[PDB]
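A lone chain, given as structure tokens: the form deposited in one PDB entry.
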């Protein structure tokens, strides 16, 4: 009740007070061998609560519609960061950012993205936008148009949290997208969980039959990685390769 109010009130000032910060988690080729990108993740550096769990604040941000605004701040921040990195010879090939439903439905999104690209001058293909399937499904016809508007900018699109099973996977073919994520909840079952392993292989084979790139998230063990590599998963991310870390340390570490 009260605790809810503090949170909300805190969140409202947070942006203005520059309390939000980006952390970056590395992504690698399926071997484990080379860096393919960084995923930029929203964090909250609160002066008295410390670093605030995303699970606690993201929801509340979207319970008051601030989420789109912060999202747009984040996209911009990551593009800018990738520019700084690139001109500092830190060779991060691309940055991936999540999009909320509100941002996707925003007519001016895409306009902002062209502006941010122009400002920072980074190549379009160095930006990858990540959507859930549910965002696409609320209105498929509209998704088609909005996506085509984005793809025309030369950027890349990844989709996560999608139905598994031949059909839903197959129907993704109609969208102009580049990447499918394998959810961590299927990866933590690998290699010996029967269903989790079937689903992963299903996602990989289907993605490839659609000409999409596949990235596994939540990769923690060599066992998981093995399974994924031998079934030809394209990219990989998670504890095994590195946690989301501040820009400076990602900068130093991957320099």
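Numbering follows the first chain given and starts at 1. Rigid core: the largest C-alpha set superposing within 1.5 Å between the two forms.
J.: In the PDB record, does 109-117 or 153-161 carry the higher mean Cα temperature factor?
T.: Taking the mean B-factor of the alpha carbons in each, 109-117 is higher.
J.: Mean Cα B factor from the PDB record: higher for 82-90, or higher for 98-106?
T.: Of 98-106 and 82-90, the stretch with the higher C-alpha B-factor average is 82-90.
J.: Specify which of 21, 236, 14, 240 carries the largest Cα B factor in the deposited PDB entry.
T.: Of the options given, 14 has the highest CA B-factor in the PDB entry.
J.: Splitting the chain's C-alpha B-factors into thirds, which one does residue 30 fall into?
T.: Its C-alpha B-factor belongs to the middle third of this chain's values.
J.: Lowest, middle or highest third: which one holds residue 195 when the chain's residues are ordered by CA B-factor from the entry?
T.: Highest third - that is where residue 195 ends up once the chain's C-alpha B-factors are sorted.
J.: What third of the chain, by the recorded C-alpha B-factor, contains residue 166?
T.: As the PDB entry reports it, the C-alpha B-factor of residue 166 lands in the highest third of its chain.
J.: Which third of the chain holds residue 55 when residues are ordered by C-alpha B factor: lowest, middle or highest?
T.: For residue 55, whose C-alpha B-factor we compare with every modelled residue in the chain, the answer is the highest third.
J.: Would you please rank residue 214 by its C-alpha temperature factor against the other modelled residues of its chain and give the third it falls in: lowest, middle or highest?
T.: For residue 214, the deposited C-alpha B-factor lands in the lowest third.
The form deposited in another entry is left out here; the points below concern that form.
J.: Which listed residue (179, 116, 169, 99) has a Cα shift of at least 2 Å between this form and the one not shown, rigid core superposed?
T.: Once the cores are aligned, the residue moving by 2 Å or more is 169.
J.: My question is whether residue 192 is one of the residues whose C-alpha shifts by 2 Å or more between this form and the one not shown, given a fit on the rigid core.
T.: It does not, since the residue 192 C-alpha is displaced less than 2 Å between this form and the one not shown after the core fit.
J.: Given a CA distance change of at least 3 Å, are residue 149 and residue 171 closer or farther in that other deposited form?
T.: Residue 149 and residue 171 sit closer together in that other deposited form.
J.: How does the C-alpha distance between residue 170 and residue 142 change in that other deposited form compared with the present structure, closer or farther, given a change of 3 angstroms or more?
T.: Here the pair is farther apart than in that other deposited form; there, closer.
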